[PDB]
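my_file_18.tsv follows (TSV, C-alpha atoms and all ligand atoms):
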```
chain	number	residue	atom	x	y	z
M	1	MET	CA	0.00	0.00	0.00
M	2	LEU	CA	2.93	2.43	-0.13
M	3	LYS	CA	2.95	4.41	-3.32
M	4	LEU	CA	6.74	4.62	-2.84
M	5	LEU	CA	6.62	0.86	-3.57
M	6	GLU	CA	4.52	0.92	-6.76
M	7	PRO	CA	6.41	-0.23	-9.94
M	8	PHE	CA	6.72	2.68	-12.30
M	9	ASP	CA	7.20	2.81	-16.05
M	10	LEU	CA	10.01	5.15	-17.10
M	11	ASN	CA	9.27	5.69	-20.81
M	12	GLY	CA	10.08	1.97	-21.24
M	13	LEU	CA	12.15	1.16	-18.13
M	14	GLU	CA	10.24	-1.06	-15.72
M	15	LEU	CA	11.27	0.44	-12.35
M	16	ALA	CA	10.74	-1.93	-9.38
M	17	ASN	CA	9.26	0.95	-7.31
M	18	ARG	CA	9.10	4.73	-7.16
M	19	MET	CA	12.31	5.12	-5.06
M	20	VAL	CA	15.62	6.42	-6.40
M	21	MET	CA	19.17	6.20	-5.10
M	22	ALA	CA	20.30	9.85	-5.22
M	23	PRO	CA	23.80	10.40	-6.72
M	24	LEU	CA	26.53	10.11	-4.04
M	25	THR	CA	30.27	10.86	-4.26
M	26	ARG	CA	32.02	8.08	-2.24
M	27	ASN	CA	35.61	8.86	-3.30
M	28	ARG	CA	36.50	5.22	-3.79
M	29	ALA	CA	37.79	4.91	-7.38
M	30	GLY	CA	40.74	2.64	-8.21
M	31	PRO	CA	43.95	4.21	-9.71
M	32	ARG	CA	43.37	6.57	-12.69
M	33	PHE	CA	39.75	7.04	-11.59
M	34	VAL	CA	38.74	3.51	-12.67
M	35	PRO	CA	35.83	1.76	-10.88
M	36	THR	CA	36.60	-1.54	-9.11
M	37	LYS	CA	34.80	-4.68	-7.99
M	38	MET	CA	34.16	-3.10	-4.58
M	39	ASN	CA	32.31	-0.29	-6.44
M	40	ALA	CA	30.20	-2.89	-8.26
M	41	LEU	CA	29.40	-4.60	-4.95
M	42	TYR	CA	28.14	-1.31	-3.60
M	43	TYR	CA	25.88	-0.64	-6.56
M	44	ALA	CA	24.83	-4.31	-6.81
M	45	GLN	CA	23.82	-4.19	-3.15
M	46	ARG	CA	21.51	-1.22	-3.78
M	47	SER	CA	19.83	-2.55	-6.86
M	48	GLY	CA	16.40	-3.05	-5.28
M	49	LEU	CA	16.07	0.75	-5.59
M	50	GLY	CA	13.83	1.43	-8.61
M	51	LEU	CA	16.55	3.58	-10.28
M	52	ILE	CA	20.22	4.13	-9.30
M	53	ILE	CA	21.88	7.44	-10.20
M	54	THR	CA	25.66	7.05	-9.76
M	55	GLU	CA	28.07	9.34	-7.95
M	56	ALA	CA	29.04	12.40	-9.95
M	57	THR	CA	31.49	11.13	-12.61
M	58	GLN	CA	33.90	13.62	-14.20
M	59	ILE	CA	33.77	13.91	-18.01
M	60	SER	CA	37.47	14.87	-18.03
M	61	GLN	CA	40.38	15.45	-15.63
M	62	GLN	CA	39.57	19.19	-15.93
M	63	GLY	CA	36.18	18.28	-14.39
M	64	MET	CA	37.46	16.71	-11.15
M	65	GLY	CA	37.66	18.51	-7.79
M	66	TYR	CA	37.79	15.69	-5.23
M	67	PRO	CA	40.21	12.74	-4.88
M	68	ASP	CA	39.40	9.27	-6.23
M	69	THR	CA	36.14	10.15	-7.94
M	70	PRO	CA	35.48	7.93	-10.99
M	71	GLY	CA	35.88	9.27	-14.51
M	72	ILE	CA	34.18	8.37	-17.75
M	73	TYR	CA	36.70	9.76	-20.25
M	74	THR	CA	39.09	6.81	-20.77
M	75	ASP	CA	38.60	3.26	-22.09
M	76	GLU	CA	40.04	1.88	-18.87
M	77	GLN	CA	37.37	3.76	-16.94
M	78	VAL	CA	34.64	2.44	-19.20
M	79	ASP	CA	35.89	-1.15	-18.62
M	80	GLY	CA	35.65	-0.52	-14.87
M	81	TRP	CA	32.11	0.80	-15.08
M	82	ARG	CA	31.15	-2.31	-17.11
M	83	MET	CA	31.50	-4.40	-13.92
M	84	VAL	CA	29.09	-2.02	-12.24
M	85	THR	CA	26.39	-1.98	-14.99
M	86	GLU	CA	26.68	-5.78	-15.40
M	87	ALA	CA	26.22	-6.45	-11.69
M	88	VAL	CA	23.27	-4.09	-11.39
M	89	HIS	CA	21.62	-5.62	-14.46
M	90	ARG	CA	22.05	-9.17	-13.17
M	91	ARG	CA	20.11	-8.01	-10.12
M	92	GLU	CA	17.35	-6.65	-12.47
M	93	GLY	CA	18.20	-3.06	-11.70
M	94	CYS	CA	18.31	0.12	-13.68
M	95	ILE	CA	21.10	2.67	-13.57
M	96	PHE	CA	22.12	6.04	-15.07
M	97	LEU	CA	25.55	7.65	-14.96
M	98	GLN	CA	25.57	11.22	-13.58
M	99	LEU	CA	27.93	13.29	-15.72
M	100	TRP	CA	30.02	15.84	-13.87
M	101	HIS	CA	32.13	18.91	-14.43
M	102	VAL	CA	33.08	20.51	-11.07
M	103	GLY	CA	33.76	23.91	-12.69
M	104	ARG	CA	35.51	26.32	-10.29
M	105	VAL	CA	34.96	23.88	-7.37
M	106	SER	CA	38.42	22.36	-7.81
M	107	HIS	CA	42.16	23.15	-7.41
M	108	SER	CA	45.20	23.38	-9.79
M	109	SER	CA	46.56	20.39	-7.86
M	110	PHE	CA	43.79	18.28	-9.47
M	111	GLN	CA	44.26	19.83	-12.91
M	112	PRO	CA	46.35	18.63	-15.90
M	113	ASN	CA	49.65	20.58	-15.81
M	114	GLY	CA	48.48	22.38	-12.62
M	115	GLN	CA	46.26	24.70	-14.66
M	116	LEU	CA	43.55	26.76	-13.00
M	117	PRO	CA	40.00	25.34	-12.69
M	118	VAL	CA	37.62	26.78	-15.24
M	119	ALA	CA	34.33	28.63	-14.72
M	120	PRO	CA	32.07	31.20	-16.46
M	121	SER	CA	33.97	33.96	-14.72
M	122	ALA	CA	37.11	34.59	-12.71
M	123	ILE	CA	35.44	34.42	-9.25
M	124	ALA	CA	36.72	32.05	-6.54
M	125	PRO	CA	34.17	30.22	-4.24
M	126	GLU	CA	34.50	31.11	-0.58
M	127	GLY	CA	36.43	28.88	1.85
M	128	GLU	CA	38.81	25.94	1.38
M	129	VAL	CA	39.24	22.78	-0.73
M	130	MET	CA	40.83	19.45	0.25
M	131	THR	CA	43.78	18.57	-2.02
M	132	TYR	CA	46.50	15.89	-2.27
M	133	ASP	CA	48.61	18.10	0.03
M	134	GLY	CA	45.95	18.89	2.71
M	135	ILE	CA	43.45	21.80	2.97
M	136	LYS	CA	44.13	24.85	0.78
M	137	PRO	CA	42.18	28.06	-0.05
M	138	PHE	CA	40.19	28.14	-3.27
M	139	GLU	CA	42.09	29.76	-6.17
M	140	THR	CA	40.60	32.31	-8.58
M	141	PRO	CA	39.54	29.97	-11.49
M	142	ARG	CA	40.18	30.81	-15.17
M	143	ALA	CA	37.32	32.34	-17.25
M	144	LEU	CA	36.62	30.08	-20.27
M	145	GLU	CA	36.94	31.66	-23.74
M	146	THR	CA	33.73	31.66	-25.88
M	147	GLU	CA	35.27	29.10	-28.29
M	148	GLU	CA	36.05	26.73	-25.43
M	149	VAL	CA	32.47	26.12	-24.36
M	150	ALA	CA	32.09	24.05	-27.55
M	151	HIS	CA	34.92	21.78	-26.34
M	152	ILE	CA	33.30	21.20	-22.98
M	153	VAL	CA	30.05	20.24	-24.71
M	154	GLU	CA	32.05	17.74	-26.76
M	155	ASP	CA	33.53	16.28	-23.56
M	156	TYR	CA	29.94	15.64	-22.39
M	157	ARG	CA	29.10	14.07	-25.73
M	158	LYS	CA	32.21	11.79	-25.59
M	159	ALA	CA	31.30	11.09	-22.00
M	160	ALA	CA	27.80	9.99	-23.04
M	161	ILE	CA	29.31	7.81	-25.80
M	162	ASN	CA	31.47	6.21	-23.14
M	163	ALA	CA	28.44	5.81	-20.83
M	164	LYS	CA	26.38	4.07	-23.50
M	165	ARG	CA	29.36	1.80	-24.19
M	166	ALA	CA	29.71	1.05	-20.46
M	167	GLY	CA	26.08	-0.16	-20.58
M	168	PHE	CA	24.28	2.50	-18.52
M	169	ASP	CA	20.52	2.65	-19.03
M	170	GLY	CA	20.80	6.44	-19.30
M	171	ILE	CA	22.60	9.55	-18.11
M	172	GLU	CA	21.97	12.42	-15.75
M	173	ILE	CA	23.51	15.84	-16.43
M	174	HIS	CA	24.63	17.28	-13.14
M	175	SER	CA	23.54	20.93	-13.32
M	176	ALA	CA	23.23	21.40	-9.58
M	177	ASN	CA	25.11	22.14	-6.38
M	178	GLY	CA	27.57	24.85	-7.44
M	179	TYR	CA	29.42	23.07	-10.31
M	180	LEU	CA	30.29	24.09	-13.84
M	181	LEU	CA	26.77	24.19	-15.37
M	182	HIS	CA	25.20	25.70	-12.27
M	183	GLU	CA	27.88	28.41	-12.22
M	184	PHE	CA	26.78	29.19	-15.79
M	185	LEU	CA	23.11	29.46	-14.70
M	186	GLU	CA	23.33	31.89	-11.80
M	187	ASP	CA	24.35	35.50	-12.26
M	188	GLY	CA	26.25	35.56	-8.95
M	189	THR	CA	28.82	33.28	-10.67
M	190	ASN	CA	28.27	34.22	-14.34
M	191	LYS	CA	29.41	37.76	-15.25
M	192	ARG	CA	30.09	37.04	-18.93
M	193	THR	CA	29.27	39.47	-21.70
M	194	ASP	CA	29.22	36.91	-24.51
M	195	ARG	CA	26.36	34.77	-25.73
M	196	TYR	CA	26.48	32.65	-22.54
M	197	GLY	CA	26.12	35.50	-19.99
M	198	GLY	CA	23.76	38.40	-19.34
M	199	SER	CA	20.18	37.42	-20.23
M	200	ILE	CA	18.44	34.47	-18.56
M	201	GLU	CA	18.31	32.74	-21.99
M	202	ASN	CA	22.07	33.17	-22.40
M	203	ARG	CA	23.02	31.69	-19.02
M	204	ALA	CA	21.07	28.50	-19.86
M	205	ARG	CA	22.50	28.27	-23.37
M	206	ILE	CA	25.27	25.92	-22.25
M	207	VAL	CA	22.77	23.60	-20.55
M	208	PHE	CA	20.83	23.35	-23.79
M	209	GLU	CA	24.01	22.75	-25.84
M	210	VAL	CA	25.06	19.95	-23.53
M	211	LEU	CA	21.61	18.44	-23.90
M	212	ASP	CA	21.74	18.80	-27.68
M	213	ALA	CA	25.07	17.00	-27.69
M	214	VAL	CA	24.15	14.08	-25.44
M	215	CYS	CA	20.72	13.50	-27.10
M	216	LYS	CA	22.81	12.68	-30.16
M	217	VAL	CA	24.10	9.64	-28.26
M	218	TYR	CA	21.16	8.65	-26.13
M	219	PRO	CA	17.45	9.09	-27.00
M	220	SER	CA	16.25	12.14	-25.07
M	221	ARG	CA	14.02	9.81	-23.02
M	222	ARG	CA	17.25	8.47	-21.49
M	223	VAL	CA	18.78	11.83	-20.57
M	224	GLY	CA	17.94	13.13	-17.09
M	225	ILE	CA	18.98	16.36	-15.48
M	226	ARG	CA	19.47	17.55	-11.88
M	227	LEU	CA	18.86	21.10	-10.64
M	228	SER	CA	19.23	22.82	-7.26
M	229	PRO	CA	16.59	25.59	-7.57
M	230	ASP	CA	17.67	27.50	-4.46
M	231	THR	CA	20.87	26.76	-2.57
M	232	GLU	CA	23.91	28.57	-1.11
M	233	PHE	CA	26.05	25.44	-1.48
M	234	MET	CA	29.52	26.51	-2.60
M	235	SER	CA	28.99	30.29	-2.76
M	236	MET	CA	26.13	30.11	-5.23
M	237	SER	CA	23.66	32.95	-5.54
M	238	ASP	CA	21.40	34.48	-8.18
M	239	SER	CA	19.68	37.87	-8.23
M	240	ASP	CA	16.42	36.24	-9.30
M	241	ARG	CA	16.08	32.50	-8.75
M	242	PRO	CA	12.25	32.33	-9.30
M	243	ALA	CA	12.61	33.85	-12.79
M	244	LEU	CA	15.74	31.86	-13.83
M	245	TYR	CA	14.37	28.47	-12.71
M	246	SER	CA	10.82	29.03	-14.14
M	247	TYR	CA	12.26	29.59	-17.62
M	248	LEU	CA	14.77	26.81	-17.29
M	249	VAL	CA	12.15	24.23	-16.24
M	250	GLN	CA	9.58	25.13	-18.94
M	251	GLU	CA	12.25	24.93	-21.66
M	252	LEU	CA	13.28	21.54	-20.18
M	253	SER	CA	9.64	20.45	-20.33
M	254	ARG	CA	9.78	20.69	-24.16
M	255	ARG	CA	12.95	18.59	-24.65
M	256	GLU	CA	11.08	15.37	-23.70
M	257	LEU	CA	13.89	14.19	-21.42
M	258	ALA	CA	13.78	11.11	-19.19
M	259	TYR	CA	13.01	13.21	-16.05
M	260	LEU	CA	13.75	16.35	-14.09
M	261	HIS	CA	15.57	15.87	-10.73
M	262	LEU	CA	14.98	18.66	-8.20
M	263	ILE	CA	16.76	19.03	-4.88
M	264	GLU	CA	14.72	20.61	-2.06
M	265	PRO	CA	16.09	23.95	-0.71
M	266	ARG	CA	16.39	22.36	2.72
M	267	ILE	CA	19.57	20.65	1.40
M	268	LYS	CA	22.87	22.54	1.26
M	269	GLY	CA	24.81	20.06	-0.89
M	270	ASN	CA	25.29	17.18	1.58
M	271	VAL	CA	23.89	18.60	4.89
M	272	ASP	CA	20.48	19.89	6.03
M	273	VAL	CA	19.93	23.63	6.30
M	274	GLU	CA	17.11	25.60	7.97
M	275	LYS	CA	15.86	27.73	5.08
M	276	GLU	CA	12.79	29.53	3.84
M	277	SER	CA	12.07	29.14	0.10
M	278	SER	CA	8.99	28.63	-2.07
M	279	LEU	CA	11.29	27.10	-4.75
M	280	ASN	CA	10.58	23.53	-3.65
M	281	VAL	CA	9.06	20.72	-5.70
M	282	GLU	CA	5.41	21.87	-5.30
M	283	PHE	CA	6.32	25.10	-7.11
M	284	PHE	CA	7.87	23.20	-10.10
M	285	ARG	CA	5.35	20.35	-10.54
M	286	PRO	CA	3.05	22.83	-12.38
M	287	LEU	CA	5.90	24.03	-14.64
M	288	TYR	CA	7.32	20.63	-15.72
M	289	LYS	CA	5.30	18.27	-17.93
M	290	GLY	CA	7.02	14.84	-17.73
M	291	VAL	CA	8.62	12.61	-15.02
M	292	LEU	CA	9.71	14.51	-11.89
M	293	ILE	CA	12.18	13.22	-9.24
M	294	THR	CA	12.17	14.98	-5.86
M	295	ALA	CA	15.20	14.67	-3.60
M	296	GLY	CA	16.34	16.10	-0.31
M	297	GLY	CA	15.83	15.38	3.38
M	298	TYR	CA	12.98	12.89	2.90
M	299	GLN	CA	11.74	10.13	5.21
M	300	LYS	CA	9.40	7.31	4.44
M	301	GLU	CA	6.35	9.40	5.41
M	302	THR	CA	7.32	12.70	3.70
M	303	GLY	CA	8.35	10.95	0.51
M	304	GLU	CA	5.08	9.02	0.49
M	305	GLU	CA	3.14	12.28	0.91
M	306	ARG	CA	4.94	13.72	-2.13
M	307	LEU	CA	3.74	10.83	-4.30
M	308	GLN	CA	0.17	10.67	-2.88
M	309	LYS	CA	-0.30	14.43	-3.44
M	310	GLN	CA	1.10	13.95	-6.99
M	311	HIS	CA	3.89	16.48	-6.19
M	312	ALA	CA	6.52	14.28	-7.85
M	313	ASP	CA	6.59	10.84	-9.58
M	314	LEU	CA	9.81	9.51	-7.93
M	315	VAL	CA	11.47	10.15	-4.54
M	316	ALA	CA	15.32	10.00	-4.34
M	317	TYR	CA	17.08	9.09	-1.06
M	318	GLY	CA	20.79	9.70	-0.55
M	319	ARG	CA	21.89	9.28	3.06
M	320	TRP	CA	19.30	6.66	3.98
M	321	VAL	CA	20.45	4.59	1.02
M	322	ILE	CA	24.11	4.74	1.98
M	323	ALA	CA	23.00	2.98	5.15
M	324	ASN	CA	20.07	0.94	3.87
M	325	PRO	CA	20.91	-1.01	0.68
M	326	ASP	CA	17.37	-2.45	0.98
M	327	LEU	CA	15.56	0.76	1.91
M	328	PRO	CA	12.40	-0.25	-0.08
M	329	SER	CA	12.07	-3.55	1.81
M	330	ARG	CA	12.51	-1.72	5.12
M	331	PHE	CA	9.85	0.77	4.16
M	332	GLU	CA	7.69	-2.10	3.00
M	333	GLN	CA	7.96	-4.21	6.15
M	334	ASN	CA	8.17	-1.22	8.50
M	335	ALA	CA	11.67	-2.06	9.66
M	336	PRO	CA	14.07	0.16	11.66
M	337	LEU	CA	16.47	2.08	9.40
M	338	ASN	CA	20.22	1.41	9.85
M	339	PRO	CA	21.81	4.79	10.92
M	340	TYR	CA	24.17	6.47	8.54
M	341	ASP	CA	27.70	7.41	9.50
M	342	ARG	CA	29.00	10.67	7.98
M	343	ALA	CA	32.63	9.80	8.86
M	344	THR	CA	32.66	7.04	6.22
M	345	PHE	CA	30.91	8.93	3.44
M	346	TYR	CA	34.08	10.11	1.72
M	347	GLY	CA	37.16	7.96	1.00
M	348	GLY	CA	38.07	4.71	2.77
M	349	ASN	CA	37.16	1.13	2.00
M	350	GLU	CA	34.38	-1.44	2.61
M	351	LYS	CA	33.69	0.07	6.06
M	352	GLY	CA	30.63	2.35	5.91
M	353	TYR	CA	30.18	1.37	2.25
M	354	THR	CA	29.51	-2.29	1.62
M	355	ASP	CA	29.11	-3.48	5.23
M	356	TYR	CA	25.73	-2.02	6.13
M	357	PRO	CA	23.46	-5.05	6.84
M	358	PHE	CA	20.34	-6.19	4.90
M	359	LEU	CA	17.07	-7.49	6.37
M	360	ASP	CA	17.67	-10.65	4.38
M	361	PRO	CA	21.28	-11.93	4.28
M	362	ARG	CA	20.46	-13.64	0.93
M	363	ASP	CA	20.24	-10.21	-0.68
M	364	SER	CA	23.78	-9.56	0.51
M	365	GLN	CA	24.92	-12.94	-0.91
M	366	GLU	CA	23.32	-12.21	-4.27
M	367	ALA	CA	25.08	-8.85	-4.53
M	368	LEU	CA	28.44	-10.42	-3.79
M	369	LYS	CA	27.74	-13.16	-6.34
M	370	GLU	CA	26.88	-10.76	-9.17
M	371	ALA	CA	29.81	-8.48	-8.35
M	372	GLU	CA	32.31	-11.40	-8.51
M	373	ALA	CA	30.62	-12.68	-11.70
M	374	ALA	CA	30.86	-9.15	-13.16
M	375	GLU	CA	34.58	-9.04	-12.37
M	376	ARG	CA	35.29	-12.50	-13.95
M	377	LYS	CA	33.30	-11.49	-17.01
M	378	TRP	CA	35.09	-8.15	-17.60
M	379	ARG	CA	38.30	-9.40	-15.96
R	401	LIG	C1	28.15	11.81	0.78
R	401	LIG	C2	27.26	12.57	-0.18
R	401	LIG	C3	27.61	12.54	-1.52
R	401	LIG	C4	26.84	13.20	-2.45
R	401	LIG	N1	27.24	13.19	-3.75
R	401	LIG	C5	26.49	13.82	-4.68
R	401	LIG	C6	26.84	13.74	-6.11
R	401	LIG	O1	27.81	13.13	-6.48
R	401	LIG	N2	26.06	14.34	-7.00
R	401	LIG	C7	24.90	15.06	-6.65
R	401	LIG	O2	24.23	15.61	-7.55
R	401	LIG	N3	24.53	15.17	-5.33
R	401	LIG	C8	25.25	14.55	-4.34
R	401	LIG	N4	24.86	14.61	-2.98
R	401	LIG	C9	23.61	15.28	-2.68
R	401	LIG	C10	22.60	14.09	-2.52
R	401	LIG	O3	22.49	13.44	-3.77
R	401	LIG	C11	21.18	14.42	-2.01
R	401	LIG	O4	20.54	15.53	-2.64
R	401	LIG	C12	21.39	14.79	-0.54
R	401	LIG	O5	22.13	13.73	0.09
R	401	LIG	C13	20.04	15.05	0.12
R	401	LIG	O6	19.39	13.81	-0.01
R	401	LIG	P1	19.06	12.95	1.30
R	401	LIG	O7	18.33	13.93	2.16
R	401	LIG	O8	18.23	11.74	0.89
R	401	LIG	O9	20.40	12.47	1.75
R	401	LIG	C14	25.63	13.96	-2.00
R	401	LIG	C15	25.29	13.98	-0.66
R	401	LIG	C16	26.03	13.29	0.27
R	401	LIG	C17	25.62	13.30	1.72
```
As structure tokens:
Amino acid sequence: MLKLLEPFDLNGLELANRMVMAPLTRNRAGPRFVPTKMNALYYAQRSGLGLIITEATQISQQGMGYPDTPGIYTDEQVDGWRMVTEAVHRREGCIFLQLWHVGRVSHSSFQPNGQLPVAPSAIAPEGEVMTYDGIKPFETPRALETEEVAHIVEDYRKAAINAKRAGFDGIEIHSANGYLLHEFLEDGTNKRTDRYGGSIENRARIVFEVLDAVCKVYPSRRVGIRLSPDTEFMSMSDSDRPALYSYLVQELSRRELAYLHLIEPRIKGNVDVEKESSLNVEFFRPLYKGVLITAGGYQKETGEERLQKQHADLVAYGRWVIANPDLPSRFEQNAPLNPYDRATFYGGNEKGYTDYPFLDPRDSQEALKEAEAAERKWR
């Protein structure tokens, strides 16, 4: 009787339920940003979620701002992701790769040749950024030349080519949470005078060009996109978020994409914030035609209310899913939720990653089995 637990049809994909694993950076790639068997166990374990969206995956070295995130720009990376897609599919799961460019939220230490991070405009985020050599202040990033936006779009297109080859069911363009695309959208970050700055239309141009480029690799019904309609995460700010997001959503409505993925203002990236905003999901449901994913601070009961009230079609869970590989079964049988441990979110090993327990140990055995089979197959 939970709507969260109703199978849902995603323009062809037979989702087990209406619950989504939110994208989650775990900082556990192998050398050269290549996914490993351990990574496949983790996704295999969580494959009773209707849809998995992966951790943000950089489309290029230039797009990375945190250590040991996986990439999707080399063959060796694609091979690694194949273990992941295989294992999730053997468990009858569905999965999309979230494509990432960190923008200015990076450090020369991460960059090819120790070049500056790139952004719309030469404006550093506030605060400090973890690097290979400990905590350092954010640097002023380099403002991208007009001509270079084309080359970033092409990175996304190559990245989607690699994704399709890796065997992902679809892709999600990360346009949220303070990163390259988001910096383009908001006029607090975007001070450009060319055809990608100024007018609301112009700021979104890049988002539309990325979408044009990837929908040449995947059918548009397999391209998703994530927005953060109203957040301070990473020194974001816009002079008029209602106006900017209204336009951006209505345009998106007409591109017949797989879904729109909206993060609730009560999330500041990875933590909860007290915050007044009307730019939550209720405000966008009217403005977006197709399949709508709501994410951010939900529980069983508040997620269920979203679906009953027809506010969204899918509810994403991030932190609960880190801790509860079988969240849907727990919801379903009214079980206690395993607590999540923030200290093991980022970096590390099995601990706080693949060692959260299931209701049913057999689920656990089946994930291990598929993940080992996936490794032998793609050895
Ligand atoms: C450890 C951690 C990693 C995350 N990584 C990503 C990411 O890679 N991409 C993204 O778009 N959001 C990311 N988020 C934001 C979450 O996807 C989600 O919006 C947030 O956790 C709020 O959802 P929740 O309340 O269910 O946890 C992350 C959050 C956490 C706590």
Sorted by chain and rising residue number, list the residues of chain M at most 7 Å from ligand LIG 401 (chain R) (counting all atoms listed in the file), each with its closest atom pair and distance in Å to one decimal, as a tab-separated table.
```
residue	atom	partner	partner_atom	distance
M:22	CA	R:LIG401	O3	4.4
M:23	CA	R:LIG401	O3	4.4
M:24	CA	R:LIG401	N1	3.2
M:25	CA	R:LIG401	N1	3.9
M:26	CA	R:LIG401	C1	6.2
M:55	CA	R:LIG401	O1	4.1
M:56	CA	R:LIG401	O1	3.8
M:174	CA	R:LIG401	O2	5.8
M:176	CA	R:LIG401	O2	6.2
M:177	CA	R:LIG401	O2	6.7
M:226	CA	R:LIG401	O2	6.7
M:263	CA	R:LIG401	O4	5.6
M:267	CA	R:LIG401	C13	5.8
M:269	CA	R:LIG401	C9	5.2
M:270	CA	R:LIG401	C17	3.9
M:271	CA	R:LIG401	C17	6.4
M:295	CA	R:LIG401	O4	5.5
M:296	CA	R:LIG401	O6	3.8
M:297	CA	R:LIG401	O7	3.1
M:298	CA	R:LIG401	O7	5.5
M:316	CA	R:LIG401	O8	6.2
M:317	CA	R:LIG401	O8	3.5
M:318	CA	R:LIG401	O8	3.6
M:319	CA	R:LIG401	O9	3.8
M:320	CA	R:LIG401	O8	6.0
M:345	CA	R:LIG401	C1	4.8
M:346	CA	R:LIG401	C1	6.2
```
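Of note, atom CA of residue 195 of chain M and atom CA of residue 212 of chain M are spaced 16.7 Å apart.
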Item to check | Cut-off 10 Å around (2.5, 5.1, -8.4) with all atoms listed in the file: residues as a PyMOL selection string | outcome: chain M and resi 2-9+17-18+307-308+310+313-314
Item to check | All residues 6 Å or closer to segment 282-293 of chain M, all atoms listed in the file, same chain fewer than 3 positions away omitted, as number ranges by chain | outcome: M: 250, 253, 259-261, 279, 311-315
Next on the checklist: Taking all atoms listed in the file into account, name the residue in M:336, M:265, M:120, M:361 that is nearest to residue 194 of chain M.
Outcome noted: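 Nearest candidate to residue 194 of chain M out of M:336, M:265, M:120, M:361: M:120.
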Checklist entry - If you count all atoms listed in the file, which residues fall within 10 Å of residue 378 of chain M, apart from same-chain ones fewer than 5 positions away, as a PyMOL selection string? => result chain M and resi 79-83+86+373
Written selection (C-alpha atoms) as a compact mmCIF listing (two decimals), in the coordinates of the input:
```txt
# COMPACT_ATOMS: atom_id res chain seq x y z
CA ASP M 79 35.89 -1.15 -18.62
CA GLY M 80 35.65 -0.52 -14.87
CA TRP M 81 32.11 0.80 -15.08
CA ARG M 82 31.15 -2.31 -17.11
CA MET M 83 31.50 -4.40 -13.92
CA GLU M 86 26.68 -5.78 -15.40
CA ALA M 373 30.62 -12.68 -11.70
```
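Picture a line from atom CA of residue 268 of chain M to atom CA of residue 228 of chain M; it runs 9.3 Å.
Polymer residues near (31.0, 36.6, -14.0): counting all atoms listed in the file with a cut-off of 8 Å, they are residues 120, 121, 122, 123, 187, 188, 189, 190, 191, 192 and 197 of chain M.
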Taking a cut-off of 9 Å and counting all atoms listed in the file, can you build a table that, for each residue of segment 89-123 of chain M near segment 45-52 of chain M, reports the nearest atom pair and how far apart they are in Å (one decimal), sorted by chain then residue number, as a tab-separated table?
```
residue	atom	partner	partner_atom	distance
M:89	CA	M:47	CA	8.4
M:91	CA	M:47	CA	6.4
M:92	CA	M:47	CA	7.4
M:93	CA	M:47	CA	5.1
M:94	CA	M:51	CA	5.2
M:95	CA	M:52	CA	4.6
M:96	CA	M:52	CA	6.4
M:97	CA	M:52	CA	8.5
```
Item to check | Distance in Å - atom CA of residue 58 of chain M versus atom CA of residue 112 of chain M | outcome: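 Spanning atom CA of residue 58 of chain M to atom CA of residue 112 of chain M is a straight-line distance of 13.5 Å.
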Item to check | Top pick for closest residue to residue 216 of chain M, considering M:156, M:16, M:106, M:111 and counting all atoms listed in the file | outcome: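 The answer is M:156, which sits nearest to residue 216 of chain M.
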Checklist entry - Closest to residue 161 of chain M among M:243, M:84, M:281, M:78, using all atoms listed in the file? => result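 Closest to residue 161 of chain M of all the choices is M:78.
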Checklist entry - Which is closer to residue 114 of chain M than all the others in M:334, M:61, M:39, M:365, using only C-alpha atoms? => result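 Comparing M:334, M:61, M:39, M:365 against residue 114 of chain M, the winner is M:61.
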Item to check | Proximity to residue 214 of chain M - best of M:379, M:300, M:164, M:28, only C-alpha atoms | outcome: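 Smallest separation from residue 214 of chain M among the options: M:164.
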Next on the checklist: What's around residue 152 of chain M at 9 Å? Count all atoms listed in the file, leave out sequence neighbours fewer than 5 positions away in its own chain, and write the answer as number ranges by chain.
Outcome noted: M: 59, 101, 157, 210
Next on the checklist: Quick one: residues within 9 Å of residue 32 of chain M, only C-alpha atoms, excluding same-chain residues fewer than 3 positions away - as a list in words?
Outcome noted: residues 29, 68, 70, 71, 76 and 77 of chain M
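Residue nearest residue 73 of chain M within the list M:366, M:155, M:148, M:304: M:155 [criterion: smallest interatomic distance, all atoms listed in the file].
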